[PDB]
Amino acid sequence: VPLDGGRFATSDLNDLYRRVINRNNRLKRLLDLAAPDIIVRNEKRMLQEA
Amino acid sequence: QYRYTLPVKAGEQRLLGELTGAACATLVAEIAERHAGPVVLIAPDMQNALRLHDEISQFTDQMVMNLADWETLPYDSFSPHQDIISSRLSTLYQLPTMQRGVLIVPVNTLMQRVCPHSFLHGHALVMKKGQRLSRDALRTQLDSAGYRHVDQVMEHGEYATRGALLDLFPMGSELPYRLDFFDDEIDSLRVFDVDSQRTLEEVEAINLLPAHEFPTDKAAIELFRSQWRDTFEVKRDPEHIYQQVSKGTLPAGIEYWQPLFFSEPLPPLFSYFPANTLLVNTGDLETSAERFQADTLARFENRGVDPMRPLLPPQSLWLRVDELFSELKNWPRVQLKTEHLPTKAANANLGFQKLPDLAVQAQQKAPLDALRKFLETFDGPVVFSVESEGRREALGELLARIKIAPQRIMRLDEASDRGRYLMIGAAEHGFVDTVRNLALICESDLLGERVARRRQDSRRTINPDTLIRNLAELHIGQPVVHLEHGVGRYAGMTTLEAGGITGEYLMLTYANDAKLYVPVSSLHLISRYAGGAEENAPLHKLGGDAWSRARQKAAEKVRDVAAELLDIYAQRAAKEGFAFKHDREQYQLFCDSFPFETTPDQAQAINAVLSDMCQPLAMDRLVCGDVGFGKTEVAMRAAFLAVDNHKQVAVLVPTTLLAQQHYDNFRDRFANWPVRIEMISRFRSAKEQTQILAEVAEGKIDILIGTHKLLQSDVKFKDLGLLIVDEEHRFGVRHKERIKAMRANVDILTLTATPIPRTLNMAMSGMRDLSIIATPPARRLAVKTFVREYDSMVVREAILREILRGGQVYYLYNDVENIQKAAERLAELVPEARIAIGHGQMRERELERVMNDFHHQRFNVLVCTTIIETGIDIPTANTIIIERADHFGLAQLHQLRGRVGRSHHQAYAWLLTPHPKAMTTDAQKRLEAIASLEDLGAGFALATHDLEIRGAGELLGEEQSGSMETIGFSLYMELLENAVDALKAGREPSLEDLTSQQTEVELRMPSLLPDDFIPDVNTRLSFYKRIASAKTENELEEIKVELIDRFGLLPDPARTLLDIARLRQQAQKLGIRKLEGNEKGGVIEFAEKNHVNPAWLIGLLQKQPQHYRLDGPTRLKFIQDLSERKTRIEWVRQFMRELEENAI
Ligand SMILES: Nc1ncnc2c1ncn2[C@@H]1O[C@H](COP(=O)(O)OP(=O)(O)O)[C@@H](O)[C@H]1O
Ligand SMILES: [Mg+2]
């Protein structure tokens, strides 16, 4: 919803879902790249945290 | 015949004096060459010892080695990187019996106690051809020794066992061996390389030394626990090293628990000396050993706390200096003193006096004045002793200036009665030997003194009728000029404080009553007003608008890029790529010419590059990965593949130094392959670059490495086929696109270490192919880092850690004004250092002077700004200390963290930060980002974490790494495919290609279609195409009215674009190849078969030379203060409209 000043309300669920989608897309690309284990390990850790 | 007598007795001395630098080397050289018995030279400090390890080789062919010190302080907290140990104890095996040769030991490792011969002799063994020794029996023997079983043996202490075939790397030797055990017996002793993996040759017998300097097995661990529970106490903790070795694992600082593992007092290694052994001393041991013991005791009492890891008493692990100077009296000693000892027996003062100052300077007309005078008046032999053979050329032409060509002799004894001789080594200070009248004139004897001076006393003509003679009788209020600030009103005497002192000063009230005081001592900075207007003088403001003038802003997108990069990518996607051919054995030959073997990660990257490079698609590939991982050989193989098709590879690197490195690397690799390669940058003269460009245009050059001199609209490749950008960061956007604009289907290949977030994101979205690389080829030991609040003692201990190891320190201050102060501040903190400065604003000759001093270890600590980001990496530099890790790019931090190492020496990288509340939040995030992900292969992870910190910049524009809310990926792909369709449809030429048809109409003004006026970019690009393609004015205003119809009235940039094209039309008609107008004027350049009237140009020049000046037949520099671009347009339009009548 907008705050009448050209912006929109935060709607925290959108922020959490945005974090999850960002992290999941990053992990998907890193799996498509056959990336080394430490970086994909860190990304899976941060996905789980998200 | 000799000059002195060798001493052989219990504790007698032989005192040799009058010696000066780089003569101790030749004395001990003749000592080695004249004496039967090993010579152990005991240097006053390891630093000096390292220097001596060079010079002795220069003067003798006799065998030399050092005893490797653990590179940590007493009671430090680091394992010595067991590689070092592999050298160390190896000498301890041969030290029992070595008849000749020299061993150089500093006092530090001289006084350390060492493991007894019981352990080393017992746990050593021999393997011969004919032992009936079983396979797993020998494996268990290796286990009891304490080696490590890995299948990929590369470094020391490593073994593999696979069925019948066994291999191991003994800690004493230098090469591994393969065994091939059959019927439970040795059958082969085959040396196979760490890189070839194939048997070089077959020996019959070889020796094996144990794991490291103390035993490790379970009986020894039980002995260790027994002796700990005897002396110290125990506390249950998984970090307490008692229980931590009860778990079996050896801690970091365990080597300082030497005597506990051994059940007997440790020998002081003098037993390790042979019976008939002579010692030579340099400097004064009585001071250096005592200072080291005092440092050890101070560091012990500092660390003799923290009962979690308590410590030993030094009176067992280290010798005491009284014990040292008693135990010395069982070995004869020769003391080399740099001082005139008066007289006694066993004491001879050898005349080895100083050379006179042969200083070379170009300020005098004759540079080699002192040299040419000294050598001719000299009566004996002179030797020059150049460091490197290339530097020998630096000899040859300089001695050609007085026409001197010397002889090349190996040994110093090859000097004759009189002459000029040269040789190779590392000595640094020549001398004159009075006994044989020898002269040695080293490299640094002609380049002696470093100079630092800029300018002084410009307008100091203190006798002008306006200086007022500093009479101090001036009435208050009379205006006064101060040379640094300006004109104001004097306002009398005043009394102030400046931090606890009183002072009297001169009040000067400048404009807006900003008071200024200067002391009465510096009255010579004051003059009376010289304009004669003491009742009419103006009033300046102090210092001027330093930051107030910075409120300007704007300069509206001088030229938009969102309608250019889309065009470039459209040209890329529309045309297909080029087809390459790879031939298996042909390219395999180039694989064989590489004298190494690739990692699996390198194999993956090479497979990807070769596969996508052979295909008819356009490569766009990152080879991201940490520094020192072998990325260059990838692009090197790719360049070979391209040049096999003769397709003119172009490497592009962001500095002349990297350009030089890639130039000589590619030339040395392709020395056997028939190909031409060169570098191009500012170091190439214009007289040479004009040749290089023509050679490239005809296509005689297959590889052109160079810096941004490429993207200067002047190179014209006959057929470009492969761009190789190296170090992608520090190339902004449009630097990587000025080259792509020339040929649409170039196979990009972009190496880096840490990509900028825009290119990392646009790799992460499938637009750019990516190929991460890890697993460095050699075992490559990582660089420990630390994050500390800045502390004057942690910096001091780090600096002495690196100095007493024997290596340089990169102090990174990142400032030019205060670095001069920081030099003496660091010198006061660390007296034991040899500190000097180097920064980018030096005169660029002193800078390379300091660098070439730094390669030769003439001074340890280099306080320096981020010029070392490029790096000229040496072997000894092995500790970088960032003074302010608060504000730095994360990519920069990683890159400087990679600048150290490149050796077997374990490096360090401190990152000193300010108070944790003082640093910004982004500074915090950068600091845990660099602190946490510390391992091998952290190059990619750091850039991945840099993304989402700064955010990927706008995809279709310039300005990488920005958090802007611009167009998304979905819209960008839509725009690209729409551009592909509209391009492939009707015959529509490229934008930049018709820039070939364009004339240079630069005016330094906003001339474009603004994005507010036209939101969509593809219609904007279509209007660019239709504007620039149109050839008549009626077509131009047709487009103008069509803009009126679709989007209404024109902004000023749009109408300037239209009348610029209007100018372009009859500019091409008149042959005007180039014209530039600006605020103050400009220059107009026409063709040669042009219509410029000679009579009319003569009329203009002779009627207005101040506003028209031909410099050449066609280059007309006009000087006209066109303040408004409106006036600019009117002047140029009316000028060329008057020209078209004179057009004949
Ligand atoms: N198989 C190998 N064996 C030994 N050294 C290697 C091997 N591969 C690469 N190297 C070394 O690694 C370095 C390669 O670094 P390079 O790719 O030139 O730049 P960067 O340091 O950015 O990776 C070279 O100095 C080379 O000697
Ligand atoms: Mg490189």
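Computed from the coordinates by the stated procedures, all read-outs in this text should not be read as laboratory data. Here the Cβ is made from the backbone with ideal geometry for all residues, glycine too, and neighbour counts use every protein chain on show.
Would you confirm, using the coordinates I've provided, whether B:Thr287 is within 39 Å of the chain's Cα centre (by Cα) and β-branched (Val, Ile, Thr)? In short, yes. Given the condition touching a residue at least 40 places away in the same chain (Cβ under 8 Å) and part of a loop (DSSP other than H, G, I, E, B), answer yes or no: does some residue in segment B:599-608 qualify? Yes; the residues of segment B:599-608 include at least one that is touching a residue at least 40 places away in the same chain (Cβ under 8 Å) and part of a loop (DSSP other than H, G, I, E, B). Being under 30 Å from B:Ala530 (Cβ atoms), touching a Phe, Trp or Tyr at 6+ places or on another chain (Cβ under 6 Å), surrounded by 10 or more Cβ atoms within 10 Å (Cβ to Cβ) and touching a residue at least 12 places away in the same chain (Cβ under 8 Å) is a description that does not apply to B:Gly477.
Cβ contacts < 9 Å: first residue among the basic types (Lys, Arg), restricted to segment B:628-640; second residue within 13 Å of ligand 2 (Cβ to nearest atom), any location; separation 6+ or different chain. Result? Qualifying pairs under 9 Å: B:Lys631/B:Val623; B:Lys631/B:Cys624; B:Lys631/B:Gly625; B:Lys631/B:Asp726; B:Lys631/B:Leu751; B:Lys631/B:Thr752; B:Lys631/B:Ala753; B:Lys631/B:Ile773.
Just one of (1) more than 16 Å from ligand 1 (Cβ to nearest atom); (2) closer than 20 Å to B:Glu728 by Cα; (3) of a type in the set (A, V, I, L, M) trips up B:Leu622, so point out which. Failed condition: (1).
Scanning segment A:1-36 for residues that are farther than 17 Å from B:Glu965 by Cβ, in a helix (DSSP H, G or I) and more than 14 Å from chain B (Cβ to nearest Cβ) yields a count of 4. Where helices (runs of 4 or more DSSP H) sit wholly within segment B:986-1047, those with at least 2 residues that are over 21 Å from B:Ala574 (Cβ atoms) occupy B:1033-1047.
When B:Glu414, B:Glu449 are checked against the criterion of being in contact (Cβ under 8 Å) with a residue 24 or more places away in the chain and surrounded by fewer than 20 Cβ atoms within 10 Å (Cβ to Cβ), B:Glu449 stands alone in meeting it. Residue by residue through segment B:174-233, note down the ones that are loosely packed, with under 15 Cβ neighbours inside 10 Å, hydrophobic (A, V, I, L, M, F, W, C) and in a strand (DSSP E or B). Those that are loosely packed, with under 15 Cβ neighbours inside 10 Å, hydrophobic (A, V, I, L, M, F, W, C) and in a strand (DSSP E or B): B:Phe182, B:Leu200. For segment B:718-746, a residue qualifies if it is within 16 Å of ligand 2 (Cβ to nearest atom) and not charged (D, E, K, R), and the qualifying residues are B:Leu723, B:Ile724, B:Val725, B:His729, B:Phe731.
Among the residues in segment B:747-759, are any buried (at least 22 other Cβ atoms within 10 Å of the Cβ), within 16 Å of ligand 2 (Cβ to nearest atom) and within 14 Å of chain A (Cβ to nearest Cβ)? Yes, some residue in segment B:747-759 is buried (at least 22 other Cβ atoms within 10 Å of the Cβ), within 16 Å of ligand 2 (Cβ to nearest atom) and within 14 Å of chain A (Cβ to nearest Cβ). Residues that are in contact with a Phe, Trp or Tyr (Cβ under 6 Å, 6 or more places away or on another chain) and over 30 Å from B:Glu1002 (Cα atoms) do occur in segment B:579-596. Residue pairs whose Cβ atoms lie under 7 Å apart, separated by 6 or more positions or on different chains, with the first residue in segment B:1097-1120 and under 14 Å from B:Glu1076 (Cβ atoms) and the second loosely packed, with under 13 Cβ neighbours inside 10 Å, are B:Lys1117/B:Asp1111; B:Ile1119/B:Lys1080; B:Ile1119/B:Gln1106. Among the residues of segment B:947-956, none is identified as facing chain A (nearest Cβ under 9 Å) and either of a type in the set (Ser, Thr, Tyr) or surrounded by 22 or more Cβ atoms within 10 Å (Cβ to Cβ) (or both).
One residue stands out among those in segment B:613-634 that are within 14 Å of chain A (Cβ to nearest Cβ) and of a type in the set (D, E, K, R): the one that is nearest to B:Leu720 (Cα to Cα), which is B:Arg621. All conditions in (1) under 21 Å from B:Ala782 (Cα atoms); (2) among the acidic types (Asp, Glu); (3) more than 14 Å from every other protein chain (Cβ to nearest Cβ) hold for B:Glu934, with the sole exception of (3). Between B:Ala554, B:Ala563, the distinction of being away from chain A (no Cβ under 14 Å), surrounded by 17 or more Cβ atoms within 10 Å (Cβ to Cβ) and part of a loop (DSSP other than H, G, I, E, B) belongs to B:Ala563 only. Determine whether segment B:905-915 contains at least one residue that is within 16 Å of ligand 2 (Cβ to nearest atom) and touching a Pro at 6+ places or on another chain (Cβ under 9 Å). No: zero hits. Residue count for segment B:937-946, restricted to those that are more than 9 Å from chain A (Cβ to nearest Cβ) and part of a loop (DSSP other than H, G, I, E, B): 0. A count restricted to segment B:655-674 and to residues that are under 22 Å from B:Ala605 (Cα atoms) and within 11 Å of ligand 2 (Cβ to nearest atom) stands at 2. For segment B:646-654, the condition of being in contact with an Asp or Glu (Cβ under 9 Å, 6 or more places away or on another chain), within 16 Å of ligand 2 (Cβ to nearest atom), part of a loop (DSSP other than H, G, I, E, B) and farther than 23 Å from B:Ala579 by Cβ holds for at least one residue. Does segment B:57-89 hold any residues that are in a helix (DSSP H, G or I), farther than 11 Å from B:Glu255 by Cα and of a type in the set (A, V, I, L, M, F, W, C), and which are they? Correct list: B:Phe59, B:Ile84, B:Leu89. Considering only segment B:726-736, I want to know if a residue exists there that is among the basic types (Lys, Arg) and within 16 Å of ligand 1 (Cβ to nearest atom). Checking segment B:726-736: at least one residue is among the basic types (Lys, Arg) and within 16 Å of ligand 1 (Cβ to nearest atom). For segment B:607-637, a tally of residues being within 16 Å of ligand 2 (Cβ to nearest atom) and out of contact with any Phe, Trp or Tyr (no Cβ under 6 Å at 6 or more places or on another chain) returns 17.
Condition (residue is buried (at least 19 other Cβ atoms within 10 Å of the Cβ), out of contact with any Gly (no Cβ under 6 Å at 6 or more places or on another chain) and within 14 Å of chain A (Cβ to nearest Cβ)) applied to segment B:639-646: is it met by at least one residue? No, there is no match, as no residue in segment B:639-646 is buried (at least 19 other Cβ atoms within 10 Å of the Cβ), out of contact with any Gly (no Cβ under 6 Å at 6 or more places or on another chain) and within 14 Å of chain A (Cβ to nearest Cβ). Determine if segment B:316-328 includes at least one residue that is surrounded by fewer than 18 Cβ atoms within 10 Å (Cβ to Cβ), touching a helix residue (DSSP H, G or I) at 6+ places or on another chain (Cβ under 6 Å) and not in a loop (DSSP other than H, G, I, E, B). Scanning segment B:316-328 turns up at least one residue that is surrounded by fewer than 18 Cβ atoms within 10 Å (Cβ to Cβ), touching a helix residue (DSSP H, G or I) at 6+ places or on another chain (Cβ under 6 Å) and not in a loop (DSSP other than H, G, I, E, B).
Would segment B:650-671 turn up any residue that is surrounded by fewer than 20 Cβ atoms within 10 Å (Cβ to Cβ), of a type outside the set (S, T, N, Q) and away from ligand 1 (no atom under 16 Å from the Cβ)? Looking through segment B:650-671, at least one residue is surrounded by fewer than 20 Cβ atoms within 10 Å (Cβ to Cβ), of a type outside the set (S, T, N, Q) and away from ligand 1 (no atom under 16 Å from the Cβ). The residues listed here are B:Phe590, B:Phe596; of these, the one that is outside any loop (DSSP other than H, G, I, E, B), within 32 Å of the chain's Cα centre (by Cα), farther than 24 Å from B:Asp769 by Cα and in contact (Cβ under 8 Å) with a residue 24 or more places away in the chain is B:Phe590. Looking across segment B:773-795, the residues that are within 16 Å of ligand 2 (Cβ to nearest atom) and either farther than 22 Å from B:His662 by Cα or more than 14 Å from chain A (Cβ to nearest Cβ) (or both) come down to B:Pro777, B:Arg780.
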